[PDB]
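Heads up, the chain below is alone and in the form deposited in one PDB entry; it's given as structure tokens.
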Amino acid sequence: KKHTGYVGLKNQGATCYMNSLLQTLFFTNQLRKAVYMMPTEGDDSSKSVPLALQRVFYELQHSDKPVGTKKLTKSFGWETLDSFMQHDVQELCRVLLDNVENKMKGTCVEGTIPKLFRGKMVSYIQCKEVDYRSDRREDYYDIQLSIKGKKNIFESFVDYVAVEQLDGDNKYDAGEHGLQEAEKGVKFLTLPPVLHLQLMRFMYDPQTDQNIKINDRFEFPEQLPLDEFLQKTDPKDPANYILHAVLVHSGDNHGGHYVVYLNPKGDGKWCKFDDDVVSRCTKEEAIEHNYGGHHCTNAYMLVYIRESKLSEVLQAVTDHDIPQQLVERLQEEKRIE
């Protein structure tokens, strides 16, 4: 890792978006710190996702060589192309974040995943004719944005919190209060320190009974203000977000080219992670070059960090953060391996 200071993951033909996601998660320093601190001494090295994740993260930080993922893929049972083909990227993220979240429960680092990744939203129904609502709170770890017909992220959030009028034919059934003229919608209460946006390029096609990739132009900013999509905003902490990672795909199928762009320290110093090969690149290469347009190349997932949280999220990782139990277990594995 001589040129950038960052090491690659081995090209695995069978794993598609995984390398891109693992880098993105590794560079979420506070998650990596939590993960290192997880107590995993009495686990099976084949089968535990936490332990496999510790290994990958450890090796990504310390190895001079491209890091392998086979024990990781083994641990969560996605050991073939087909597993990746049948899951959106956020579902893999959930497989990973969920395993480590619930292993952190009752530990010194409990509550770290939700503190980093969990925002809150309400799905509401509001009858305009009589005062009956149906406010429904709900946690989220990621947001799936519509890009079809949308110029940019801003327009996707507008659409995301757009008002559907429930009138005439499709009035809201209030059950005991009958049919009601209402408006349906979603409001954000909070946005987390680390904001995972998936761009919904893969859409079902009635004409061919299949998912197809939309390669249309869709713009995302380096700096993303989000106060206007919140219910109540905070004066001391505006929802101003900083672009941290761009997960990119070239082509129209799972055999295409998966890379990830990252500015790991949050300083606009961008790197391209193309499996084992990691190289410095321009902001333009990481950002505008991946807006897409009409086999070719665009973003399908973005990671933003809340600007007020950058120093927490991207806290430097120190030897303190890796317990010797962990250093030694991983040494002992390599001892046999």
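Note that residue numbering begins at 1 and tracks the sequence as displayed. Superpose the two forms; the largest set of C-alphas matching within 1.5 Å is the rigid core.
Another form, the form solved in complex with a partner chain, is not on view; read the next lines as being about it.
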Practice problem: May I ask you to check whether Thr190 falls inside a 4.5 Å heavy atom distance of the partner chain in the deposited bound form? | Solution: no
Quiz item: Is there a non-hydrogen atom of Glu138 within 4.5 angstroms of a non-hydrogen atom of the partner chain in the deposited bound form?
Solution: yes
Quiz item: Any of the heavy atoms of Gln126 lying within 4.5 Å of the partner chain in the deposited bound form?
Solution: no
Quiz item: Is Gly266 one of the residues lying within 4.5 Å of the partner chain in the deposited bound form, judged by heavy atom distances?
Solution: no
Quiz item: If you check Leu195, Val100, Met121, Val259 against the partner chain in the deposited bound form, which one has a heavy atom within 4.5 Å?
Solution: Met121
Quiz item: Core aligned, which of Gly77, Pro225, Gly255, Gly149 has the Cα that shifts 2 angstroms or more between the shown form and the other one?
Solution: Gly255
Quiz prompt | Core-aligned C-alpha movement of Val158 between the shown form and the other one reaching 2 Å | solution = no
Quiz prompt | Per-residue C-alpha change between the shown form and the other one, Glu129, threshold 2 Å, rigid core fit | solution = yes
